[PDB]
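**Student:** Got a structure for you, questions after.
Every residue, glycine among them, receives a Cβ derived from its backbone with ideal geometry; neighbour counts consider all protein chains shown. Bear in mind these aren't lab numbers, they're just calculated from the coordinates by the rules spelled out.
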Amino acid sequence: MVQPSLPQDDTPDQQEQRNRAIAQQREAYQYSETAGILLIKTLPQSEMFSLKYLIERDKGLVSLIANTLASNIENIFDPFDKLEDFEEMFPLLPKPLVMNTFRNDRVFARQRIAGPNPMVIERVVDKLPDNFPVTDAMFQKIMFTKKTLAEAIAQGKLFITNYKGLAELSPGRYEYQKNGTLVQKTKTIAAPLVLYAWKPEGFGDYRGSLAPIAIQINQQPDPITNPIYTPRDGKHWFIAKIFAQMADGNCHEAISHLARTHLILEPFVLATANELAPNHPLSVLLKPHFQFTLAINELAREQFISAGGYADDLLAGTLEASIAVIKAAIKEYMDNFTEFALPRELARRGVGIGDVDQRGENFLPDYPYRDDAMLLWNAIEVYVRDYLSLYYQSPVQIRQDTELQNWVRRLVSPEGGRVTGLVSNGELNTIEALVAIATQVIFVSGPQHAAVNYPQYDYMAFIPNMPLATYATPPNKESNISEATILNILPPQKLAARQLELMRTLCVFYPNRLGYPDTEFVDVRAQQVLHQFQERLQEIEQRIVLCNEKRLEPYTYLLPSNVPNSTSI
Amino acid sequence: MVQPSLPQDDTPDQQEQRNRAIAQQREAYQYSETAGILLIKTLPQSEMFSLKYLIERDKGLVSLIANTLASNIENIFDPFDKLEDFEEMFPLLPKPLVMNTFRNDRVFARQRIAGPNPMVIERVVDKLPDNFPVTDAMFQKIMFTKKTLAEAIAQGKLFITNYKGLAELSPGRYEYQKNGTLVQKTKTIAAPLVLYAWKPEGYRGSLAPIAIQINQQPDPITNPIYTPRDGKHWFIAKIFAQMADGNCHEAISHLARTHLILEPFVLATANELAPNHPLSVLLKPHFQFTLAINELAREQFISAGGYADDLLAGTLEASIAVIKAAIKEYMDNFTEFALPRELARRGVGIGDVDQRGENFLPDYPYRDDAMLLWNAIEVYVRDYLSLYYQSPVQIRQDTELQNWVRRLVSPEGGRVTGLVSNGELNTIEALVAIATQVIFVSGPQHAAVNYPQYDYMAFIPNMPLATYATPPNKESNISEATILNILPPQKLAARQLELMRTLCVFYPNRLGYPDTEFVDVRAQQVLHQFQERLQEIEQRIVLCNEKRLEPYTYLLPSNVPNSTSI
Ligand SMILES: [Cl-]
Ligand SMILES: [Cl-]
Ligand SMILES: [Cl-]
Ligand SMILES: [Fe+3]
Ligand SMILES: [Fe+3]
């Protein structure tokens, strides 16, 4: 029941124990790497999943055994026989929400602002990419308008998702036995550009909604081998959306999920253990939001990014290519850590709260991820500030905290996570800078991970909406498209089963809850502050419910009751 | 890194530390009960499975997803279409060893001495039970002999498995939807008597089944005595006897007398012994993950809708009653359930020999191999405790050890009324026997009853945990459909394979190889000698398996865990 205190304020015998405790934690929490990704060398037993967590995780795996027994899907690398079969994969599981409406263009587009990866869409400024040769004739034909691309861009109506990150990927390979011999096949890579337009009129109703304009499946334009597809292209348009969804799913899993929630949190958990005493106020604040994070990252090391793991079998590129994308997304996040704060991140894509027209309306008014995440970001910020101000009243105490200074030096260190863009001037000198750091770490661990992890089942457990790999080249625009052509593009049965298995495991339960730690703060002042944060969460929950009532489709993933306290699944 | 020491041999400051540590442990290891079974209230995080364990357990679960994906079995309460379908449940799993030869009478009988439940067979003395009216005409017709039942009993040739303990079971019920209507059905329970005979001729002598009476009260029409000359009726009779053996195995031999009887010893260790107490340092490596696996059994095995509810013959309530009665009888006669005394009480111990000095049951691989492990463990804990206890007064004056015993004997501490003589632990050799039996149960015994489960109970027709139709009339015609209706429906056969695969996927630890070494150099030396003996025992068992009809691998030291952990 020790009261938290800064190291400078203690007695040389108190300081001695802190150093002893820190020395013990350093031995227990040793730094390691797998394929260049920072991870703990050996996991401490105290950091393992609880018994309660294991019981829930086992219920999800047993439920997959039962659902597989009921299902007609087979353990083969053959395609499905019918498109309808993809809808029979859930006899004993909840039906994914996107399954009925996934063919609709609005449903396709909405996923950009309310699906599993609401992190790619950016507003177009000045012009389109020169490798994306959309013409005025195309835009006017799709929008049934006389407006030009330049006029639409000048008014902030055009948005784009550019998947150039996957352009350098080496295509994944798979093999199997079919009649005594070994078959070797290769996945098809795509790095599409997708143009979206915001339509105030909407489809029939006056609500308004983002609509997709064009898709170019690969980066280098060519009128024959890589044309621009539009909604008027019919079946070809449908296939183009499949490849775009595959791109979004690969960026989601590599960049948005694994890299920028799970793995960028690992250095902060390790630096907290390696530099902060158990009774340090920052350790007492951050640790609830690290519960099971080291453990779930070890499972990702063993099951997700391993040879034969989920990323190896399901994603578009080779395991080596996927890990290269993951590490590059980690480095850019760490180099520009402060710039990936939620308001600055949205503003850099031109879809922040500040991006408005002359009237003051946002260019992208319907962004449920943005609106709900902003509420959680602001509430966490207030909570962190009140908490830290209980222990930091003057910025000199920030500068005089040796454990905190070591904590920052460990993070910016090459072997400690290389968070080069953590602080300004090479040192942490102000309370408000530490407020922003702790705010972003808590926001990533809870709200952000909730927003990318939980929609995975609703949108990626139904394979046709977002297949993690495509298994045939895009058909020629002139070429006829049968059901078999699509079934050959979509994943074979065994790999579709593997994708459902992965998505079900990720969203089967909530290991903890935002603002509700296992152990109450020893300090009464901290407990009152935590209580205030919980009260704000209840208010935010009610506001989101009100927002959901008027929204086209409810967006439930950032409801406080659905946000975990930590990245733990 | 604190040298182990007895509490009375410590300074008052040191004693205060032990009392504080013990008080902390008492708060973390609180006693709780589920359906009258002593369990832990809250599992401490340090007692959870490791990350390494969870990785192995997840591999086994994922393998069942993949094996299910490659199977043609469906999620229905219908029977299989063909008996052959039971052999196609393992496209991506190891084929159970018993699958090819389970119809053979010798393979049926040898499971009594080398199967998952080698704990039931007992030698017949004086007479058969009066409710088991086997006649000289039956015995002579089966053995193709003129010897009488009395003469064979006088020579110690006859053995019996009497499953009367299952006679008071309430039959289990299952229900399911069919055409908008809810079908409700009931399992069929049996409490058979099975007569076996030791046949020297066979060359190598082997045990042979002679008669099966499916239920306890004899009746020539509704419960006759079946013999190998009854064809398909004999085959069905063996099914019901195997079902009985499986239910006694899971309720009595596995859950009750490995997992659950170990629980009070783990909690008493945490509640009465300091961390540097020599007995705690000796036993804790053999308790690794035991509290955790018992919590999973509480949640998945004996729970409403759990494995025992779905798979076993009786209702969950009926099964739990059998479990608790086995626990209580074991605790009341704890010393008597030591391995040599247990075997001797069933008349199949090393001392049950004829006039020539030959054992009445020469083929008993469980007995021979377990005796080797029992003797080696006994030497190991004798030398270990000799390092800390040199004279009897130390045992008497060890206040933590005396509280340890008093906690175990107490009603809320597991009621181990037969743990100790004279109401008090007074001698060193008594503690040797207690620790030897606890370590033998947690490692060797659990290995013997747990790991044959896949090889003998994952192939459903060899040992179905429940039967789903009454035994047909002795003169009724038997079709393949009659047997398929007796065997479990598809969904429950899948559930049984699911259970057996998780139980035998991996070995969480290994006998004589703890995670952390003893801080005492003398203690480490004792352990090293124990490992050397395990190596020697491994070679001797390998030689025995070369000279045996079928190899018995489950008590090889490399296959025996250090603790009951799966
Ligand atoms: Cl067009
Ligand atoms: Cl075209
Ligand atoms: Cl007969
Ligand atoms: Fe996740
Ligand atoms: Fe077991």
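**Student:** Taking the Cα-to-Cβ direction at A:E56 and at A:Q155 and moving 7 Å from each Cα, how far apart do the two end points lie in nm?
**Tutor:** Distance between label points: 4.8 nm.
**Student:** Need the C-alpha centroid separation for the stretch A:390-468 versus the stretch A:116-158, integer Å.
**Tutor:** Comparing the Cα centres of the stretch A:390-468 and the stretch A:116-158, I get a distance of 35 Å.
**Student:** Restricting things to alpha carbons, find the Rg to Rh ratio for chain B using the Kirkwood radius for Rh.
**Tutor:** Checking Rg against Rh, the ratio lands at 0.98.
**Student:** Continuing with the same structure: Using alpha-carbon positions, what is the distance between the centroids of the stretch A:174-197 and the stretch A:1-31, in Å?
**Tutor:** Spelled out, the Cα-based centre of one part sits 53 Å from the other.
**Student:** Another question about this same structure. Using Cα-Cα distances under 8 Å and only pairs 6 or more residues apart, what relative contact order does the stretch A:213-296 have, in percent?
**Tutor:** Once normalised by length, the contact order is 19 percent.
**Student:** Put +1 on the Cβ of every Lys and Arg and -1 on every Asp and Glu Cβ in the protein assembly as shown; which of B:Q535, A:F80, B:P561 then has its Cα farthest towards the positive end of the dipole?
**Tutor:** Value computed over the given set: A:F80.
**Student:** log₁₀ I(q)/I(0) of the stretch B:391-496 at q = 0.12, 0.14, 0.19 Å⁻¹, via Debye over equal Cα point scatterers, no solvent, to two decimals?
**Tutor:** The Cα Debye sum returns log10 ratios of -0.66, -0.72, -0.96.
**Student:** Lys and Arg at +1, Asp and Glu at -1: add these up for the other residues within a Cβ distance under 14 Å of A:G352 and post the number.
**Tutor:** -2
**Student:** If you line up the long axis of helix A:12-28 against the longest principal axis of chain A, both from Cα atoms, how many degrees apart are they, to the nearest 10?
**Tutor:** Approximately 30 degrees, to the nearest ten.
**Student:** Give, rounded to the nearest 20 debye, the magnitude of the charge dipole that the protein assembly as shown has about its Cα centre when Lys and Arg contribute +1 at Cβ and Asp and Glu contribute -1 at Cβ.
**Tutor:** For the protein assembly as shown, the charge dipole is close to 1800 debye.
**Student:** Using only the Cα atoms of the protein assembly as shown, what are the Rg and Dmax in Å?
**Tutor:** 34.2, 112
**Student:** What span do the alpha-carbon atoms of the stretch A:1-142 cover on each of the three principal axes, reported in whole Å from largest to smallest?
**Tutor:** Answer, in whole Å and largest first: 77, 55, 32 Å.
**Student:** Under a plain spin-label model, where a point goes 7 Å from the Cα along Cα-to-Cβ, how far apart in nm are B:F144 and A:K147?
**Tutor:** 9.7
**Student:** On to the next question. Would you please state which residues of the stretch B:190-210 a label at B:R356 would reach in this model, taking the label point 7 Å out along Cα→Cβ and a backbone N cut-off of under 17 Å?
**Tutor:** B:198-207
**Student:** When a footprinting reagent is the concern and you count Cβ atoms within 10 Å, what order do B:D58, B:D219, A:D130 take, fewest first?
**Tutor:** So the residues, fewest neighbours to most, are A:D130, B:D219, B:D58.
**Student:** Give me the net charge of A:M1's neighbourhood, meaning all other residues with Cβ under 13 Å from the Cβ of A:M1; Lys, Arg count +1, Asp, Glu -1.
**Tutor:** Taking every other residue near A:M1 into account, the sum is -2.
**Student:** Taking Cα atoms, how many degrees apart are the long axis of helix A:51-70 and the longest axis of chain A, rounded to 10 and kept between 0 and 90?
**Tutor:** 10
**Student:** Rank A:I486, A:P467, A:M48 by how far each Cα sits towards the positive end of the charge dipole of chain A (+1 on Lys, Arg Cβ; -1 on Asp, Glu Cβ) and give me just the farthest.
**Tutor:** Farthest along the dipole direction, towards plus: A:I486.
**Student:** Just to confirm a number: summing +1 for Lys and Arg and -1 for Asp and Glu over residues other than B:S386 whose beta-carbon lies under 11 angstrom from that of B:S386, what do you get?
**Tutor:** Result for the local shell: 0.
**Student:** Give me Rg/Rg_expected for the stretch A:316-437, where Rg uses Cα atoms only and Rg_expected = 2.2 N^0.38 Å with N residues.
**Tutor:** It is 1.31.
**Student:** Moving on. Report the full-extension gain for the segment A:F203 to A:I76: residue separation times 0.36 nm, less the Cα-Cα distance, to one decimal in nm.
**Tutor:** Full-extension gain reported as 41.6 nm.
**Student:** Using the alpha-carbon atoms, what tilt in degrees (0 to 90, nearest 10) does helix A:368-389 show relative to the longest principal axis of chain A?
**Tutor:** Rounded to the nearest ten degrees, it is 10.
**Student:** Can you compute the helix-only [θ] at 222 nm over the protein assembly as shown? Use -39500 (n - 2.57) per DSSP H run of at least 4 residues, normalise by all residues, nearest 500 deg cm²/dmol.
**Tutor:** For the protein assembly as shown, the value works out to -13000 deg cm²/dmol.
**Student:** List B:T181, A:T225 from most exposed to least, where exposure is judged by having the fewest other Cβ atoms within 10 Å.
**Tutor:** Ordered by Cβ neighbours within 10 Å, fewest first: B:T181, A:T225.
**Student:** How would A:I224, B:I65, B:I478 line up from fewest to most surrounding beta-carbon atoms within 10 angstrom?
**Tutor:** A:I224, B:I478, B:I65
**Student:** About the Cα centre of chain B, how large is the charge dipole given +1 on each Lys and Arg Cβ and -1 on each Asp and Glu Cβ? Please answer in debye to the nearest 20.
**Tutor:** Using only the charged Cβ atoms, the result is roughly 1120 debye.
**Student:** Right, another one. Note down the relative contact order for chain A as a percent, whole number, built from C-alpha pairs under 8 angstrom at least six residues apart.
**Tutor:** So the answer I get is 22 percent.
**Student:** Need one number: nm distance between label points at B:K324 and B:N19, each 7 Å from Cα along Cα→Cβ, rounded to one decimal.
**Tutor:** 3.7
**Student:** Given the options B:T290, B:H249, B:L312, identify the residue whose Cα lies farthest towards the positive end of the charge dipole of the stretch B:244-316 (+1 on Cβ of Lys, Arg; -1 on Cβ of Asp, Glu).
**Tutor:** Sorting the options by dipole projection puts first B:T290.
**Student:** Estimate the FRET efficiency between A:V522 and A:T135 by the formula 1/(1 + (r/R0)^6), using the beta-carbon distance for r and 45 Å for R0, to the nearest 0.05.
**Tutor:** E between A:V522 and A:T135, to the nearest 0.05, is 0.10.
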